[PDB]
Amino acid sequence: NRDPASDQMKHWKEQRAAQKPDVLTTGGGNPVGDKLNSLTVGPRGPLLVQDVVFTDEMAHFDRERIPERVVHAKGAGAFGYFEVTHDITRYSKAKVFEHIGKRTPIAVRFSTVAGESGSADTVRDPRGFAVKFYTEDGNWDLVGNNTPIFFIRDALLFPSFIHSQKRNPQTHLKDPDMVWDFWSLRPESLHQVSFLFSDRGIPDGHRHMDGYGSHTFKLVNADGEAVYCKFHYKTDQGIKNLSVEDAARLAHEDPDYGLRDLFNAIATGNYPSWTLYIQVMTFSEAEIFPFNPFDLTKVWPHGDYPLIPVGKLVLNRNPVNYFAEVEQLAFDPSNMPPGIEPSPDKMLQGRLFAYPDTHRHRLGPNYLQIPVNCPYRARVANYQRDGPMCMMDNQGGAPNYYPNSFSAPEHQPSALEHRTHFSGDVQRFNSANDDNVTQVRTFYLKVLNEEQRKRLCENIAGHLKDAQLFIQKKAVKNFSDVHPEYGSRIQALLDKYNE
């Protein structure tokens, strides 16, 4: 006997042992008589068009693939629920937080960032940790990472960042010169880069890492009063990492290590869970905060803004069909129920357009009609119609225009957005020079110990050594600007690696 993942077909057969096998049909539901031999003229003659059994099967085989995600393509999924344990109704009126005890169905995707569909699980990379809450006020997608921060703080740099992380447009190879020419030209990366190359760069599967919303978000209570917040979901299973040595062995021994670990845990009843907390910053703490509180390269320090618990995320169910339920999952940061709103974070503002946009391409115009994407715990009603692959009565014969004197759906005034006042020139403000070093210095000196600093520098040098000298020089200077000993250690190791 072997691990439960491998006994999948064995189990599927056992769970069916009582009934007869189904009649094998065409997609049109016509039974087939023989599907191992083609309709031909004579045993050694040519194939016939009449063989629509072959055509029907081949055409669908021919159309099996859809575009992979443009980032976060390698993915593992599971299902479960969110349960409220504490009362934060004074900050948010969202139905998902309505009383202690309330459960909401969730769906989760875990991913790496750079790799395509066939890439190894145990590599140095950030991890996507996206959570879809199926609430009565519609779906809530908290599309977060394994980090509170990101490498950049304006969405116009995003496609670039990603290009620089992926393959060279001519050679189709990972290119250290791209990676570090970008990172060194944009020192705002200093904070997230430092996180990346320390121990948590390679987590031991998905169950031993935290999730963050990373963005500042806005919560709105029943009175119309607003606060800003951060979401943190901390692992109940404890932070646990892989060493470079073990991560590399597994990269060839089990490219699908995280995917297997997740499935096996759930199947053996060992159900993983997280504790959701928030931090809260009032509008008048946001004016006097020393950095830009919407800067995605900055955290809110725990000393000044402590964690306030909200509840548990629990994963207790595996997908039944991986393609249907985890490859077709779409998360839109813009799916926000009343009580939860966007901050003016430049990066989050971008993600409000990007995701529904890419989903309309990757999946299709009507991708919200795909069961796992459906807001099945809410009644969708509006004046949208048609599109390719329309799957429900399309709304019926309801009046399709608004306003109307025929009692089609009505707007709900309580669901209006919080109103903020803004003033300034409409222009492109340069954010390149928001303090890129301070929080990093703290991280280096105060969070990391002696050994961890040493490994941090070894990890960095071990990858930066493959970039050209002029690029190394500039990266080193950026690291020096955080701490002279940071730069020095890295430079001592580069001197050796250069022969």
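So that there is no doubt, residue numbering starts at 1 and follows the sequence shown.
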(request) Can you let me know which of the two, 355-363 or 385-393, has the higher average C-alpha B-factor in the entry? (result) 385-393
(request) Would you mind comparing 478-486 and 12-20 for me and telling me which has the higher average C-alpha temperature factor in the entry? (result) 12-20
(request) Just grab whichever of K74, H191, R419, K132 has the top CA B-factor as deposited. (result) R419
(message) Just the C-alpha B-factor column, please: which of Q279, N221, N139, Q427 has the biggest number?
(response) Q427
(message) Based on the deposited C-alpha B factors for this chain, I'd like to know if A114 is in the lowest, middle or highest third.
(response) lowest
(message) Where does the C-alpha B-factor of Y322 rank in its chain, lowest, middle or highest third?
(response) middle
(request) Taking the values exactly as deposited, rank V41 by C-alpha B-factor within its chain and report the matching third: lowest, middle or highest. (result) highest
(request) Among all modelled residues of this chain, ranked by Cα B factor, put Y401 in the bottom, middle or top third, i.e. lowest, middle or highest. (result) lowest
(message) By the recorded C-alpha temperature factor, relative to the other modelled residues in its chain, which third is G269 in?
(response) highest
